[PDB]
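One letter stands for each residue in the lines below.
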Amino acid sequence: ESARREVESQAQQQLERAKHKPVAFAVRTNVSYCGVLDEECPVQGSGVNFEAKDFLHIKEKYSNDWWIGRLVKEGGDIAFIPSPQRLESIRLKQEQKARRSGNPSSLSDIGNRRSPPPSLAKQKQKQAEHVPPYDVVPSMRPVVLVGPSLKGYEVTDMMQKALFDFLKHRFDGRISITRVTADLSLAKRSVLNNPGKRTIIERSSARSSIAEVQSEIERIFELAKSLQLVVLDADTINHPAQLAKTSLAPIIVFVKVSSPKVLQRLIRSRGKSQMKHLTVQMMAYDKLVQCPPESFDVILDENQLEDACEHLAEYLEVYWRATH
Amino acid sequence: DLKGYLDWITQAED
């Protein structure tokens, strides 16, 4: 067929001209698949070998089943991503290769009950949870500081404040510092079509502060869309679990005390107001250290300031170059 | 681990 080869060259010429175009948005995956073995790829031999929890930077539009995108790997190539509707077609192929996919058990029972597949055997049913295969994400995952204790205190707010002095100096003109006043741990997506849409409903959600949350969330989407990082100073997030289920999924930059014994020595050197909060400060520290290592992306446990700055700077420099 | 966690944590504003 001449058409398949002609459209392949036509797509490649479109791919070649797409290396100098602005980035629109990004997507997040949660399932393992190979994009080269699929027969629906517009370009053959240039598929994507992505895995679970992989981020793709979609810039332009191609069709309703494939989207042009780029990975986060250094020196990568422009690839294609199946659409959630297209992913819905390829996921049905996985469960059809087995003996059965619906209700009828095939335990040596053939020829008596044909059992045509009902609606429960398809994706129309099973809508109690309906986890979305693809979650839309900003251009880059935000970087935030978590721990080692309750935010806002003299010991904790001041220590993380010292980091942002170095981050701004090194990354002038490419990152921005923003103070997140509103809460972020209550970012829900599958609660309602538009909770608290109007301020005159006089409802429990409408009159509360839930409405303000979405304004800050959309502010993050816009600022991150400009291909620039975001620096946040929210004082209501103390554990990584409060953002793992969130569709934002920021990078967890971990700062920790080397030993719990020396941690309480820090509080005793500040002032009488701090030892009053030392009782609750220690309780949060223990609940944070035993978090799984895979929940942390950046670590900062050195006792020296210089090694603390360059550990984050190297990762930021790598991430900045990663998207290009 | 205390000497670093006493100056760096304090050199910012104090």
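Structure determination for this entry, per the PDB record, employed cryo-EM and reached 3.3 Å resolution.

Engineer: If you had to explain the UniProt feature "domain: SH3" in chain A to someone new, which residues and values would you point to?
Structural biologist: The residues that UniProt annotates with the feature "domain: SH3" are residues 22–91 of chain A. The span residues 22–91 of chain A carries 11% helix and 24% strand; its end-to-end C-alpha distance comes to 31 Å.

Engineer: I'd like to hear about the sheet that holds strand 4 (residues 78–82) of chain A, residue by residue, with values.
Structural biologist: Residues and elements named next belong to chain A. Across the sheet, which stays open at both edges, the five strands sit in the order 4-3-2-1-5 with antiparallel pairing between neighbours. Every other strand in the sheet has two partners, leaving strand 4 and strand 5 (135–137) as the edge strands with one partner each. On average, adjacent strands in this sheet sit at an angle of 45 degrees to one another, irrespective of strand direction. Bridge analysis of strand 3 (residues 66–70) against strand 4 gives five bridges, and the strand direction is antiparallel. Within strand 4, the residue paired with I68 across the bridge is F80.

Engineer: So what's going on with the packing of helix 3 (residues 154–170) of chain A against helix 9 (residues 305–322) of chain A? Residues and values would help.
Structural biologist: Residue and element names in this part refer to chain A. One way to put it is that helix 3 packs onto helix 9 with a least axis distance of 11 Å and a crossing angle of 45 degrees. Taken together, helix 3 and helix 9 sit at an angle that is classed as oblique. Pair helix 3 / helix 9 crosses with right-handed handedness. Side by side, helix 3 and helix 9 meet where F166, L167 and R170 of the first sit next to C309, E310, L312 and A313 of the second. Looking at the contact of helix 3 with helix 9, its residues break down into five nonpolar, no polar and two charged.

Engineer: Describe the interface of chain B and chain A, and please don't skip the residues or the numbers.
Structural biologist: Opposite the 12 residues of chain B that make contact, chain A presents 18 residues. In total, chain B and chain A occlude about 1,500 Å² of area from one another, counting both sides; carbon and sulfur atoms represent 70% of this. If you look at where chain B meets chain A, you find zero salt bridges. There are five residue pairs in polar contact connecting chain B and chain A. Classifying every residue of the side of chain B that touches chain A by side-chain character gives six nonpolar, three polar and three charged.

Engineer: Give a detailed account of the layout of surface pockets, specifying residues and quantitative values.
Structural biologist: Residue and element names in this part refer to chain A. In this model, the largest pocket occupies a volume close to 580 Å³. Considering the residues around the largest pocket, the lining is formed by 18 residues, among which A187, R189, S190, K245 and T246 are closest to the centre. Here the element with the most residues in the lining of the largest pocket is helix 6 (residues 241–244); it accounts for three residues. Among the residues forming the lining of the largest pocket, the class breakdown is six nonpolar, six polar and six charged. Split by domain, the residues of the lining of the largest pocket number at least three in each of domain 1 (1–140) and domain 2 (141–324).

Engineer: Any chance you could break down the pairing of strand 6 (residues 143–146) of chain A for me, citing the residues and the numbers?
Structural biologist: Note on strand geometry: in a regular strand, side chains alternate between the two faces of the sheet. All names here are of chain A. Burial of strand 6 is two-sided: the residues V143 and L145 facing one way and the residues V144 and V146 facing the other way are all buried. When strand 6 meets strand 9 (residues 251–255), the two strands line up parallel, connected through four bridges. Within strand 9, the position partnered with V144 by the bridge is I252.

Engineer: Which residues make up empty space enclosed by the protein, and what are the values?
Structural biologist: Tallying each qualifying case throughout the model produces nine cavities of 30 Å³ or more. Approximately 240 Å³ is the volume found for the largest cavity. Taken together, 19 residues make up the lining of the largest cavity; nearest its centre are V144(A), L184(A), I237(A), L243(A) and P250(A). For the lining of the largest cavity, the elements supplying multiple residues, two or more each, are strand 6 and helix 6 of chain A. Per-element tally for the lining of the largest cavity: the top contributor is strand 6 of chain A, with three residues. Here the residues of the lining of the largest cavity sort into 14 nonpolar, three polar and two charged. The volume enclosed by the second largest cavity comes to roughly 190 Å³. Forming the boundary of the second largest cavity are 18 residues, of which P148(A), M159(A), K256(A), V257(A) and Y5(B) lie nearest the centre. Secondary-structure elements contributing two or more residues to the lining of the second largest cavity are helix 3 and helix 7 (260–268) of chain A.

Engineer: I'd like a rundown of the domain arrangement of chain A, residues and numbers included.
Structural biologist: Residues and elements named next belong to chain A. According to the domain assignment, chain A contains domain 1 (1–140) and domain 2 (141–324). Look at where the C-alpha atoms of domain 1 and domain 2 centre, and you get two points 33 Å apart. Contacts between the two partners involve 16 residues from domain 1, matched on the other side by 18 residues from domain 2. Buried surface at the junction of domain 1 and domain 2, summed over both partners, amounts to about 1,500 Å²; 57% is from carbon and sulfur atoms. Considering only the side of domain 1, the residues that lose the most area to domain 2 are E74, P138 and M140, jointly responsible for 45% of the buried surface there. Where domain 1 touches domain 2, the interface holds one salt bridge.

Engineer: I'd like to hear about the packing of aromatic side chains, residue by residue, with values.
Structural biologist: Any aromatic ring pair is given by two values, namely how distant the centres are and how the planes are angled relative to each other. Residues and elements named next belong to chain A. Counted by the stated rule, this structure contains three aromatic pairs over all chains. Each ring, one from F254 and one from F296, has its centre 4.0 Å from the other, and the planes form 25 degrees; the classification is stacked. One end of the pair, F254, is in strand 9; the other, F296, is in the loop between helix 8 (272–289) and strand 10 (298–300), with 42 residues separating them in the sequence. The same class applies to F254 and to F296, which are both buried. The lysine or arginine in question, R141, covers the ring of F55, its NZ or CZ lying 3.8 Å from the ring centre.

Cut-offs used in this document
- Per-chain numbering applies: from 1 upward along each written sequence, possibly unlike the entry's numbering, with residues missing coordinates excluded.
- Numbering of ligands from 1 and lettering of chains from A proceed in the order in which they are written.
- Note: displayed chains form a subset of a larger assembly, with all reported quantities computed for the displayed subset only.
- Computation of side-chain values covers all heavy atoms of the structure but excludes hydrogens and water.
- UniProt positions are given in the numbering used here, feature names are shortened, and annotations may be inferred rather than shown by experiment.
- What counts as a helix is a DSSP run of H or I of at least four residues, what counts as a strand is a run of E of at least two, and both are numbered from the N terminus.
- Two strands are counted as paired when DSSP detects at least two bridges linking them.
- Here the axes come from fitting lines to C-alpha atoms, over the contacting stretch only for helices, and the angles between their N-to-C directions go from 0 to 180 degrees.
- Comment on the angle field: the value is read as roughly parallel under 35 degrees, roughly antiparallel over 145, roughly perpendicular from 65 to 115, and oblique elsewhere.
- Helix crossings fall into two classes, left-handed where the near helix is turned counterclockwise from the far one by less than a right angle and right-handed where it is turned clockwise.
- Here, residues are in contact when the closest pair of their heavy atoms is within 4.5 Å.
- Charged residues are taken to be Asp, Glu, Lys and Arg, nonpolar residues to be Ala, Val, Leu, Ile, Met, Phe, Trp, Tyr, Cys and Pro, and polar residues to be all remaining types, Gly included.
- The term buried area means the drop in 1.4 Å probe accessible area that two parts suffer when joined, counted for both and summed.
- Salt bridges are defined as contacts in which a side-chain nitrogen from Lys or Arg sits within 4 Å of a carboxyl oxygen from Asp or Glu.
- Two N or O atoms count as a polar contact when they lie within 3.5 Å, although within protein this holds only if one can serve as hydrogen donor and the other as acceptor, and sequence-adjacent residues are included solely when both atoms are side-chain atoms.
- Think of a 1 Å grid over just the protein atoms. A cavity is a set of points where a 1.4 Å probe fits yet cannot get out, a pocket is an open set with protein on both sides within 12 Å along at least five of seven lines, and lining residues have an atom within 4 Å of a point.
- Grid points are joined across faces, edges and corners, and a volume is the space filled by probe spheres set on the points.
- What marks off one domain from the next here is an automatic or database domain assignment.
- Partly exposed describes any residue whose relative accessible area lies between the buried limit of under 20% and the exposed limit of over 50%, with all areas from a 1.4 Å probe on protein chains only and scaled to the type maximum.
- Aromatic contacts are taken between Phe, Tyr and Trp rings whose centres are within 6.5 Å, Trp giving its six-membered ring; a plane angle under 30 degrees counts as stacked, one over 60 as edge-to-face, and the others as tilted.
- In this scheme, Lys NZ or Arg CZ marks a charge over a ring once it lies within 6 Å of the ring centre and within 35 degrees of the ring normal.

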